[PDB]
Amino acid sequence: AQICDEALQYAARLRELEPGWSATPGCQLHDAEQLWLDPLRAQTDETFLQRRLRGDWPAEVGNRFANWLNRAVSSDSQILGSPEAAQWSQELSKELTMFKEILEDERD
Amino acid sequence: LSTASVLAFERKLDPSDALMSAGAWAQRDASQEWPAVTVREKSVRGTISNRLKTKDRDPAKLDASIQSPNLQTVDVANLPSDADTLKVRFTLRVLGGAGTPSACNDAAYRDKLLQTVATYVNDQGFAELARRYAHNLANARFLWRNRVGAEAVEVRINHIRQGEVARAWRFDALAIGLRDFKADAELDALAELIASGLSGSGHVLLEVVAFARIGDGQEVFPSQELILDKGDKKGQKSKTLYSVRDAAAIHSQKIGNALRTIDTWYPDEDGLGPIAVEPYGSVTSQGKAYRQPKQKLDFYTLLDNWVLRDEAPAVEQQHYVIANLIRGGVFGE
Amino acid sequence: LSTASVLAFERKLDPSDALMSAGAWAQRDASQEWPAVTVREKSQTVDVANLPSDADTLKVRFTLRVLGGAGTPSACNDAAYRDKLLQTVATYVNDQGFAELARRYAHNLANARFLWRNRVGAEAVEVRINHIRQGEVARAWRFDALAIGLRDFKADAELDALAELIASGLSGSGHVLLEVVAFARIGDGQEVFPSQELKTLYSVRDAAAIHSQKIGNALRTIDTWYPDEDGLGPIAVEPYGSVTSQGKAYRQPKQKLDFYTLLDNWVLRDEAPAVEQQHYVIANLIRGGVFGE
Amino acid sequence: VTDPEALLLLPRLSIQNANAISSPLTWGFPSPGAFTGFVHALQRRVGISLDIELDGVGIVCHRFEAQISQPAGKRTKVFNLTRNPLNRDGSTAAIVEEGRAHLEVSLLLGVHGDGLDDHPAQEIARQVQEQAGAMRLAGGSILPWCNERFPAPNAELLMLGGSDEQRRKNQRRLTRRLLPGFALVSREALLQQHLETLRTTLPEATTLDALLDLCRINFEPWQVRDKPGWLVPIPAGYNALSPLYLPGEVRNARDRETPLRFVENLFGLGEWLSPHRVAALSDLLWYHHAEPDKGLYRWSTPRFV
RNA sequence: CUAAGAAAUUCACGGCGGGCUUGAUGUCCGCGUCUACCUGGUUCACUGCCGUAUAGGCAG
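Going by the PDB entry, chain C carries the name CRISPR-associated protein Csy3 and comes from Pseudomonas aeruginosa.

Under the PDB entry, the name given to chain A is CRISPR-associated protein Csy1, and the organism recorded is Pseudomonas aeruginosa.

As structure tokens, then:
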């Protein structure tokens, strides 16, 4: 629950005081980062694209964050047979459920 | 005795990557310069028809998904629209010497294993396994999706010693079944060659060419390449086909899978088709693992109980153990 | 007992791409070698597809390979769910063949729906259909596409003989390969409608063409078994049957007519739908796709 | 401690030269008594004219920049002073030390009065910010905006009515505009918890905060003692050490019509939290409350848990 | 109705001379990535226009 909100702290600091954010410097694997941590700009900037005007379900970067949360724990081999990782999967599940709903209104 | 902590067997029956080319049928006797199947891309728009999410039964959420379709860029591989035959060509090389590992810690466990395998070979050669590998060269098992739904499939196998065909073979891959391994006066001419290759008595290099009439402008199915993230759906995020030097090709390990599907032995299948020879013998598409480790038919169970504890398995299962040493692997601990 | 998490169904009735070529009407005798239709520009830079002005007839040609064996999934986790799925189709096929399905498939080749925006506005459309057991044609056909109704399905002894061929392919009785050739009077130098690339046009040998899946969408408008209304004509057989141009869907999961809800009843829950509803269940197994959990 | 009807939001208050000493012991962010006395000064000036009750106050603190420097070789950090005008003789001035910190806070409020029913929502938020521009929060000025004009307007949520869905989606709109900060509450119960935990010895309440302003590198039975949050020492209030005087019997008062007591400060515990952690934002408010019979004069966040 | 209320640290400066980082090394061995799809949601609210004047066989 700290990390679910620390990323939100990381989101708003990157959102604030950077209006000139764009995709052109150094993009190799940064998909939908223009969609979630965008500059709102009071306008859209698009020519051969329609996605920039609005936004719905920015969840794949949250799933990639959820794929990072499985990578965040380093190594534990005795947790798979126990239901502790099944409890941790619920810990992964009950915090993304809060995380997706918070993440909606930045684009919904 | 104890097992070596590292065992590394180099593989035998080492295939190559098969190119694909197309042409007209009855020009297959002069298929020296057919044009290769080129991978090309197209634009695919499809609706959202998938397994429904839990507690998501809202009809407007269905209807809003119609307003957001799936613009999607794939690549495909069709034949030239005048051609109907698919020429697939690769070169299989038989190495031989399946007993000796590359890396091995214990010198005593190595020397016991070499006496164990040489006991097998002198009692019975590789001609039982080479009877079974010759069928997967006979029937076009390496035509994975392309064989399904064909009028005629014809397989030509050439033995090349120098840069010259020493002996040809001519096979009808549809008359020969896909499940049953019947003997032949023509298959045993090719099975004695592979058994001589695996035993190390000579050199075997086979040129495998398989023709298959499909139709005018239909679709061939090369192996599919893993895709990294590059942005949105446009940019071939969906599907990328394997191609080397602009020719739609099949991976070698897919063909190397399709050769070693000889294991008709099982826990619980009488005649339901052979499985690929795997430790923990499994099928990725079927999802289930036959030959479970709690069952004693496991490769790691049978091998350790024959080299350390020195009792023979069933001869029914002894042909399984040697076939896992021909494909190689990272064995041991 | 339950559906497997992986259900991949290899599709059947596999089409190809459709080459386009011009030519004059009543030149159908020597109609083999035509010049095709290229993709040029006009100015702001767009890509248009037009006939050579001396010709009036679009020629469309693709091939169709009827595979059959519609019950077996290509990938399935559990075998008991796999076996009873094969038992359920064996219940279907023994009770009735693929004939009523294929007779509705026999229409979509005759009245050329694969001429999507080309049939509307035409005045004379003729479709050739040939069965090729070898390189030779073993069985030929000849069908008007405007006399056979686009919105209403009617039977014919020529169609039913063609329907039994596609029924023989889907049941696995043999090999069925088809050569569909469509001549259509549109006019001199008119705008034909190829498939729209994501904006160029889909050309292959610099010859403008239609996608293969955009033809197969036209060969499966069989589902007249709506929840709501058959008055709008047939619609392509899809799970959660929906049309992008009309915008709305049909066959909601709140309705009990959903393909997933039907399949769980017809296989797992042993609850048979109507015989008219059974044809919708099988015609998505010919479509194929990733099913299950 | 009355439950608020509305929630007035002061969006991004940039604060120049605020105080940073805040107690005789706890340097840093200024005292929460400065914020509770600030809202009572708005209730003094505005809330009697709009007929509203401004009682609670939330603390967000988007940016804290203190004027400190550590000297060469030390690790403790000393303050930056300022010059003063000279003496009568013009020799030099004596040195007093005053901490000094720039600051950027946001202030939730609580409204109770009938002026919500009379004045519209924009009229409430306009009269407050136009007054609060020409005032002082922690002994320092309040600065206006320039060059991008984005964070200027206020907000107000009538969180008295509506269904629990209508609150909770609207509540997630304030947490957007409070997101780069860190909300501040008092934890009076954790200090009561760890005193009863530390009963192997006989410690004091002041000896517990020294074990919460910690880096207790514990030797193995090496390791660092864990923290359940960003626990921090705050001044909790005041505690009187003198009897209650008549208004006209103490020399050099501010005014001669209010009673006086000499008090101490009074130290407590506080935790800095993200605004998405707390479920109900009305629990976040600081309420000054005091019983004048004995000597307590404190402030806290009630109803928090 | 605020640990309330008030406040100029300033001026000036040479961092600089010198330097051998070397020697040697086996990354091995094994693998199935599959299954489906309408881009006819305008590639300039437009490509030529009598007068930008909702003026058109407008090429619609």
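A. Region of the structure containing the sheet that holds strand β6 (residues 103–104) of chain B. All names here are of chain B. Reading across the sheet, the 3 strands line up as β6-β1-β13 and stay open at both edges, with antiparallel pairing between neighbours. Since the sheet does not close on itself, it has two edges, and those belong to β6 and β13 (329–332), each with one partner. Pairing between strand β1 (residues 6–9) and β13: 4 bridges, direction antiparallel. Bridge assignment links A8 to a residue of β13, and that residue is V330.

B. Local environment of the packing of aromatic side chains. Using the criterion set out here, one finds 25 aromatic pairs over all chains in the structure. Centre to centre, the rings of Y240 of chain C and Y260 of chain C are 5.6 Å apart; their planes meet at 80°, and the pair counts as edge-to-face. Residue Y240 of chain C is located in the loop between β13 (235–236) and α5 (259–268), and its partner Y260 of chain C is located in helix α5; the two are separated by 20 residues in the primary sequence. Taking the relative accessible area as the measure of exposure, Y240 of chain C reaches 6% and is therefore buried. For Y260 of chain C, a relative accessible area of 3% corresponds to the buried category. A ring pair is formed by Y238 of chain D and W299 of chain D, whose centres lie 5.5 Å apart and whose planes are at 80°; its orientation type is edge-to-face. Of this pair, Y238 of chain D sits in strand β12 (residues 230–240) while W299 of chain D sits in strand β15 (residues 296–300), placing them 61 residues apart in sequence.

C. Representation of the domain arrangement of chain C in the model. Residues and elements named next belong to chain C. Domain parsing of chain C yields domain 1 (1–10 + 70–97 + 222–293) and domain 2 (11–69 + 98–221). For domain 1 versus domain 2, the distance between C-alpha centres works out to 27 Å. For the pairing of domain 1 and domain 2, the buried interface totals around 1,900 Å² over both sides, and the portion due to carbon and sulfur atoms is 63%. A per-residue breakdown of the area domain 1 buries against domain 2 is headed by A70, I222 and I286, which together make up 35% of the total. In this structure, the connection of domain 1 to domain 2 is made through 1 salt bridge. Between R220 and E238 there is a salt bridge, with its nearest N and O atoms 3.7 Å apart. Linking domain 1 to domain 2 there are 6 residue pairs in polar contact. Elements supplying a minimum of two residues to the side of domain 1 that touches domain 2: α1 (79–95), β12 (221–223), β13 and α6 (275–285).

Reading guide: rules and limits
Residues numbered from 1 in each chain as written, not as in the entry; some residues may be left out. Chains lettered and ligands numbered in written order. Part of a larger assembly, values for the part shown. Heavy atoms only, no water. Residues with missing side-chain atoms left out of burial classes, pairs and counts. Pairing = 2+ DSSP bridges. Helix = DSSP H or I, 4+ residues; strand = E, 2+ residues; numbered from the N terminus. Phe/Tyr/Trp six-rings, centres within 6.5 Å; stacked < 30°, edge-to-face > 60°. Buried < 20%, exposed > 50% of the residue type's maximum accessible area, 1.4 Å probe, protein only. Domains from an automatic or database assignment. Buried area = accessible area lost by both parts, 1.4 Å probe. Salt bridge = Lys/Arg side-chain N within 4 Å of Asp/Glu carboxyl O. Polar contact = N/O pair within 3.5 Å; in protein donor to acceptor, adjacent residues only side chain to side chain.

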